[PDB]
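The lines below spell out each chain.
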Amino acid sequence: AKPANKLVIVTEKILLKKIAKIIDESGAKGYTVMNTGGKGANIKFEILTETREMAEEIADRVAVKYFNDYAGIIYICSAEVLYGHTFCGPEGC
Amino acid sequence: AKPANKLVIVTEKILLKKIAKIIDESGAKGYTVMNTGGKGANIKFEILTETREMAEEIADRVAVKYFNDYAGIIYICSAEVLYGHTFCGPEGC
Amino acid sequence: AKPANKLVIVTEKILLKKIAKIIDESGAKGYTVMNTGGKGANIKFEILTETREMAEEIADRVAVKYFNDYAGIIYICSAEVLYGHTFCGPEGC
Amino acid sequence: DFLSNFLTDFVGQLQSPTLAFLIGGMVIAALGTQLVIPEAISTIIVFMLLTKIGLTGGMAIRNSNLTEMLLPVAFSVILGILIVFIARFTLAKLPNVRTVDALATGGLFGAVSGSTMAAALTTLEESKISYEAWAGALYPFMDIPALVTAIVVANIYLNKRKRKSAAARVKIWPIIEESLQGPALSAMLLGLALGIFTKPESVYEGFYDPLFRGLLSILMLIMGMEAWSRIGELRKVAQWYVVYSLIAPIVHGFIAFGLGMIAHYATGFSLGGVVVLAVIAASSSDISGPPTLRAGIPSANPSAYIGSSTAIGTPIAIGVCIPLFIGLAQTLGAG
Amino acid sequence: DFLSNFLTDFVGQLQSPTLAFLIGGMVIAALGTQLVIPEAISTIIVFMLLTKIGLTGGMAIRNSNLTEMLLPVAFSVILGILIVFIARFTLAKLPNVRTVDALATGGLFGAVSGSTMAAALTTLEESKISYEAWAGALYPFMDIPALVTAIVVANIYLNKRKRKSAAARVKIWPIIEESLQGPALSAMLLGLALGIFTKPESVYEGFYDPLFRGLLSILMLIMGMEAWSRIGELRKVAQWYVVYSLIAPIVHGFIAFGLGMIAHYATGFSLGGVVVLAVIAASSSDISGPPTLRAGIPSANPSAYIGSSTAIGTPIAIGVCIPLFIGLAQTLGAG
Amino acid sequence: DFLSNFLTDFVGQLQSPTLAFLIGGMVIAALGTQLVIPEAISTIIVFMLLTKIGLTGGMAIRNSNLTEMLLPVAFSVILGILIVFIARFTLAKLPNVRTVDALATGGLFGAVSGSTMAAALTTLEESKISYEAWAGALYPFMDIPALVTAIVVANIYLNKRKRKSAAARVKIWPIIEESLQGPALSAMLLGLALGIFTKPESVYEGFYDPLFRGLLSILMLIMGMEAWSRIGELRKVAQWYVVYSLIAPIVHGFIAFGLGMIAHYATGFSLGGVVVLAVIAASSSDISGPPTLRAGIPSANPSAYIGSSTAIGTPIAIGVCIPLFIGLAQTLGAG
Ligand code: NA
Ligand code: NA
Ligand code: NA
């Protein structure tokens, strides 16, 4: 029952593949994209990271490359993983 | 890398615009609506608030006006914002 | 304003009804299913539990019965319920 | 009506695609198919069915006296208001039937179902019987008073349980304007406006008319499926609701046919035209009403009125009322 | 079959909309279009294609001997069970081919593809060749044994790797009843029941029949697109799967045509009718099977069977098997 | 053009389903219907409209000289590049109009709208005027230079505000290959390739052609609804954009008609054929462009170009340009 970071990136629909590829390269395990919408239509990534340096590094890349002209907010929760083979103990945990 | 509240309102489809307008008035920055469903079809707001008094005040209004005859659960997480212009430092952060 | 666990089960589309029935039996209040997708198409349960023993017991059942051949990650957040009749004070709270 | 008719018409119409598709989706649902007509496909079927119904509504209005339509429109309204009051003096007053529940169930039974109306128009065509082509445009003159009356007689009973509980304001315009903006009724309102002012004959005979009965069979499948799902909703409320859901649509229709029949005499209104009024009357809102009533009568329990209107209201106005009120107009044809 | 035929038929049928739309979606997908036929549009195309196929299935059953259909139904079943066993003694037994993988890949190749069947029926019509109009209703008598046999011979091989690993129960009814509730097969079951008992001639000739080939061209585009996506799935499993996916549908068809051809002799079954059996046989489940096999054989790797059936099984039974088994029945026509 | 024509044609064409459905969805949207044509239904309408337009494009290319098409293709390109430059020397240079904003608004006005083109083709048919059946296939030769030129003259103005701000590289192939993969343009590219090489006459005359005007009326409703939503976007940017959105499509068309009219003389290009070029020119990207410009010109404000192109660009090329350039070609018909 190990701990991890829930990095959330809720941003513009266009970026989907461009952010999906930034995550794929970070060394992140996997991610979950949702369709969403809102004011302040949208997209939402949920990325679980082992290190916090990774959740930041991902949030740093998406905000260096895309966030001066596309909208979107990156917030981090702090969750706690009970199961998942590619993450908690490969078995049990 | 400032902290904030993740106020979640998962309630009935009908209310969408009536709750979307209660949030818009609170002084909340923005929000994110999802389509969801469940038992105990649905809707889910995710609202990030600077103060906790605001996340409560929003949760107070939606529960004074709509929650005696429409279903729905308002829970608060406690996240930590890394980026977003209209919220964390307008730049960097 | 009582505290609770946000148990998240993001797993394969097939399982929807088989996991929806494991949750229904646990003694869980309700749940919220989303449609999602991702790499590492998908599904996501959000279950709010009074005890942590329940959020685990649910996560234990879904991982004993389905997680050796279907994919999916169960992580727990730790939220804080402000309203909901079948959960916080039946009134106010 | 003739028994020799309502039986003929029934076993006949029960073999037509329209009804065959209703009870059809009722039994694949009862066998638990994992079949689902997508939500996107059932809203465009409604759009087609209702622009089509509205395009001829509007195209035959640009000849008609607007005197011929006078009496059927006022009866179209008076039924919608009355039906709500009947649910108020004959179901709300029974045990374990909260009045605010029955008033919403009366506002769905006063409100119209297009898919039942649509099922009744392609029956009259199919059975070589004719009706005013603006008869479709009666539908909104009932759908809106009934919904309004339910909302306004509801938020009165509760203002009377307020003023009584102490001794010991309803905005109508916004709800009949919200009702007018609903997708279904707007689909009609657009088809109507198109065929009065523009000339949409081209696209009607090549698109909206060819597909009307084909998309209706799907919608009729849909509506007999969603009719079976809502059946569990009836066990949760009283069991007086099941008696109302059965006999109210046969009563609401006769009161309309009787009124209707004041114009095979007064203004010439057709025997087909009063079958359309009787079937509009009997139908039970299904899609449009339940949101408009969730909103104006929120203390109402949606098992009581959504389970009454959709599980039994619709399968009876399609299965039993169409072949019964086609059969009554048909007996009025002696020799 | 005649080489002078299978070549003619092939370059001919490769220019028909049905096949032209399969390889068509195969190359826009190969050029990476961002094109997507919505999920809602492809489930209603399946519904149309399969209610249509079922409406005539059911409409011509209400004349037929139910003796004429006896032999093709029993061959329809025996192929579905056999094909699974062939995948068991001829692919499961090769290296780097987990048996529980091949048994699922055999249960998809035993199971039917409606869109391949549908592509084969509108070819036989298009090529002025005739077939029993209940030939469509053979489809479920194969789709279900094959799926079942795969599930039951799988959960036996694993009960034999249990009892062996120690020395050193499968509920069939629920899976053939789950199979019967699938959307596609239910769409058929409804169209069949409609045309036996009700009289859906009206809506068939005005809706379900006019759109059959037009919605099939889309579905054939879809199925050649989703055929290219699954190609990456084949590199991840063995490379024996690619040899099976190619030659199994030409073998499975002949065994059917041979059996089929036991009734241009025994009960009169048409040359068109055995082309439908041969093409039903060769087809590879695609949509219906992979969920039913994800569930009953979960240790099976969906790259092995979903990549075999959808990436190569379908493009071959449409591209190569239809013009080959139309051409064989056609050579049986000397003089 | 003749005033006695452009008036006749206008009040006439304003009563046709195509335009009647544009201003139709403009007013139900203006009355705030809760009506919504599902996203899934509007992408399949685009697919139908554009495979249909492409199937005949491709079917009449397999006769044509590929000399007749030479001059209209090169004018088809030169307008797309020019229009962007016109937005650069005549709107970008005005106050409160960021150049990178106008260059994107020029790349949408250079880019094509299929639904406006489609609305113009079913007008020419409807008005018994004829055009090259490959005239549709001019559309991609403008849609892509215009988008590219906007992206490349944008990422130059910003490389000039870089090299100036210091004193005190754009990959083109990927964007014209991304443009080629868009759903709409791919739908065309597939219909075109089908009718050159395969023989899709069967499914065209039985499906893609019958539904073209019927699905276009919906798309025309959609496009006059989404034309009203974007109107709030115009208040947020300058008010020079409203003057451009109005007069640019009447200017862009004449420059095309003038060029077009170099081949009622040079290579025989029809009067119908130059109406198609003029209307292709005037149209404003709407769906395809705004993503391609969000991506290559990201500092561009989507209120400036998405609000200009969709709120006023489209309702004017349908409402005013089609009946004006049909009327000009029509006056060139003296005696
Ligand atoms: Na009614
Ligand atoms: Na098969
Ligand atoms: Na243009």
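Method-wise, the PDB entry is recorded as coming from X-ray crystallography, at a reported resolution of 3.2000 Å.

If you check the PDB entry, chain D appears there as Sodium-dependent bicarbonate transporter SbtA from Synechocystis sp.. The title assigned to this entry in its PDB record is "Bicarbonate transporter complex SbtA-SbtB bound to HCO3-".

Chain A is annotated in the PDB entry as Membrane-associated protein SbtB of Synechocystis sp..

## Structural notes on the overall build of chain D
Secondary structure summary: chain D contains 16 helices and zero strands in total. For chain D, the C-alpha radius of gyration of 19 Å lies close to 20 Å, the compact-globule estimate for 335 residues.

## Section: helix α2 (residues 17-30) of chain F
Look at α2 of chain F: 19 Å from first C-alpha to last across 14 residues, which is about the 20 Å you get at 1.5 Å a residue. Buried residues dominate α2 of chain F, accounting for eleven of its 14 residues. Among the residues making up α2 of chain F, those that are buried are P17, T18, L19, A20, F21, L22, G24, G25, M26, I28 and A29 of chain F. In the core, the buried residues of α2 of chain F are packed alongside α9 (183-197) and α10 (201-208) of chain D together with α1 (3-13), α6 (114-126), α11 (212-229) and α16 (302-331) of chain F. Downstream of α2 of chain F by a residue or two, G32 of chain F has a phi angle that is positive, lying close to 60°.

## Observations concerning the coordination of the sodium ion (ligand 1)
Donor atoms from the polypeptide that coordinate the sodium ion (ligand 1) comprise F109 of chain D (O), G110 of chain D (O), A111 of chain D (O), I280 of chain D (O), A281 of chain D (O) and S283 of chain D (O), at 2.3 to 3.2 Å from the metal. Coordination at the sodium ion (ligand 1) is irregular, judged from the six donor atoms that bind it and the angles of 65 to 158° they form at the metal.

## Regarding the coordination of the sodium ion (ligand 2)
Residue and element names in this part refer to chain E. For the sodium ion (ligand 2), the full set of protein donor atoms is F109 (O), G110 (O), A111 (O), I280 (O), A281 (O) and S283 (O), and the range of their distances to it is 2.3 to 3.2 Å. Relative to the metal, the six donor atoms surrounding the sodium ion (ligand 2) lie at angles of 65 to 158°, and the coordination shape comes out irregular. Each member of the pair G110 and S283 is classed as buried.

## Here we look at the packing of helix α4 (residues 70-90) of chain D against helix α7 (residues 139-167) of chain D
Residues and elements named next belong to chain D. The N-to-C vectors of α4 and α7 enclose an angle of 35°; their axes lie 8 Å apart at closest approach. Like other packed secondary-structure pairs, α4 and α7 cross with a definite hand, here right-handed. Taken together, the residues of α7 that come into contact with α4 (itself represented by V73, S76, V77, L79, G80, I81, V84, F85 and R88) are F141, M142, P145, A146, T149, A150, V153 and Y157. Classifying every residue of the contact of α4 with α7 by side-chain character gives 13 nonpolar, three polar and one charged.

## Quick look at the sheet that holds strand β5 (residues 80-83) of chain C
The five strands are arranged β2(B)-β3(B)-β1(B)-β4(B)-β5(C) in an open sheet whose pairing can be described as antiparallel. With partners counted over all chains shown, the strands left at the sheet margins are β2 (32-36) of chain B together with β5 of chain C, one partner each. Taken over all neighbouring pairs, the strand axes of this sheet differ in orientation by 25° on average, direction set aside. Each of β1 (5-12), β2 and β3 (42-49) of chain B is contacted by helix α1 (residues 16-25) of chain B, which is oriented at about 5° to β3 of chain B, the strand it contacts most.

## Focus: the sheet that holds strand β1 (residues 5-12) of chain A
Picture the strands of a sheet paired through backbone hydrogen bonds; they go either parallel or antiparallel. Pairing is antiparallel across the open sheet formed by five strands, whose spatial order is β2(A)-β3(A)-β1(A)-β4(A)-β5(B). In the strand order of this sheet, the two ends are held by β2 (32-36) of chain A together with β5 (80-83) of chain B, each with one partner. Across the sheet, the mean angle separating the axes of adjacent strands is 25° when strand polarity is ignored. Bridge count between β1 of chain A and strand β4 (residues 72-77) of chain A: six bridges; the pairing is antiparallel. Directly across from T11 of chain A, in β4 of chain A, lies its bridge partner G72 of chain A. Sheet strands touched by helix α2 (residues 52-65) of chain A: β1, β3 (42-49) and β4 of chain A together with β5 of chain B. Its angle to β5 of chain B, the strand with the most contacts, is close to 40°.

## A closer look at the relation of the copies chain C and chain B
Mapping chain C onto chain B leaves a residual RMSD of 0.0 Å; the transformation is a rotation of 120° accompanied by 0.0 Å of translation along its axis. On the angle and the small slide along the axis, the relation comes out as a three-fold axis. Take the interface residues of chain C: only 12% of them recur as interface residues in chain B, which is what a contact between different surfaces looks like.

## Comments concerning the state of the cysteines
Considering all chains together, one arrives at three disulfides over all chains under this definition. Note on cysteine connectivity: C88 of chain A is disulfide-linked to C93 of chain A, with sulfurs 2.0 Å apart. Given the relative accessible area of 37%, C93 of chain A is considered partly exposed. The thiol of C77 of chain A is unpaired, and the distance to the nearest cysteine sulfur, on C77 of chain C, comes to 5.0 Å.

## Observations regarding the packing of aromatic side chains
Applying the stated criterion to the full structure yields 27 aromatic pairs over all chains. Measuring from ring centre to ring centre gives 5.3 Å for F207 of chain D and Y208 of chain D, while their planes differ by 75°; the resulting arrangement is edge-to-face. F207 of chain D sits in the buried class, given a relative accessible area of 3%. A relative accessible area of 1% means that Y208 of chain D is categorised as buried. Chaining the aromatic ring pairs together yields one cluster made of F21 of chain D together with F207 and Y208 of chain E. A cation over a ring is seen here: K52 of chain E above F212 of chain E, with NZ or CZ 4.0 Å from the ring centre. The residue whose ring lies beneath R294 of chain E is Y70 of chain C, and the NZ or CZ to ring-centre distance is 4.6 Å.

About the criteria used
- The numbering scheme restarts from 1 for each chain and tracks the written sequence of that chain rather than necessarily the entry's numbering. Residues without coordinates are not displayed.
- Labels follow written order: the first chain is A, the first ligand is 1, and so on.
- To obtain the side-chain values, all non-hydrogen atoms of the structure were included, while hydrogens and water were left out.
- Residues with missing side-chain atoms are left out of burial classes, side-chain pairs and their counts.
- Here a strand is any run of E in DSSP of at least two residues, a helix any run of H or I of at least four, and the numbering for each starts at the N terminus.
- With the radius of gyration taken over C-alpha atoms, the globule rule is written as 2.2 Å times the number of residues to the power 0.38.
- Each helix should span, by expectation, one fewer than its residue count multiplied by 1.5 Å.
- Burial status follows relative accessibility: with a 1.4 Å probe on protein chains alone, a residue under 20% of its type maximum counts as buried, one over 50% as exposed, and anything between as partly exposed.
- Residue contacts are defined here by distance: any two heavy atoms, one from each residue, within 4.5 Å place the two residues in contact.
- For Na, K and Ca the donor cut-off is 3.2 Å, and for all other metals it is 2.8 Å, counting N, O and S atoms only; because water is absent from this set, sites may look incomplete.
- Metal sites are grouped by the angles between bound donors: all angles between 85 and 135 degrees with four donors is tetrahedral, opposite donors over 155 degrees apart with the others between 65 and 115 is square planar for four donors and octahedral for six, and any other pattern is irregular.
- Working convention: axes come from line fits to C-alpha atoms, limited for helices to the stretch in contact. Angles between N-to-C directions cover 0 to 180 degrees.
- By the definition used in this description, the sense in which the near helix is turned from the far one sets the handedness, with an anticlockwise turn below a right angle giving left-handed and a clockwise turn giving right-handed.
- Any residue that is not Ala, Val, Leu, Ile, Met, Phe, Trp, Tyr, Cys, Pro, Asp, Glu, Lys or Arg is counted as polar, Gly included; the first ten are nonpolar and the last four charged.
- By definition, two strands form a pair when at least two bridges between them are found by DSSP.
- Their C-alpha atoms serve as the basis on which the copies are superposed by least squares.
- Any two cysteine sulfur atoms lying within 2.5 Å of each other are counted as a disulfide.
- Between rings of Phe, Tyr and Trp, where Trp is taken as its six-membered ring, a pair exists when centres lie within 6.5 Å; planes separated by under 30 degrees are stacked, by over 60 edge-to-face, and by other angles tilted.
- Distance and angle both matter: a charge sits over a ring if NZ of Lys or CZ of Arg is within 6 Å of the ring centre and within 35 degrees of the ring normal.

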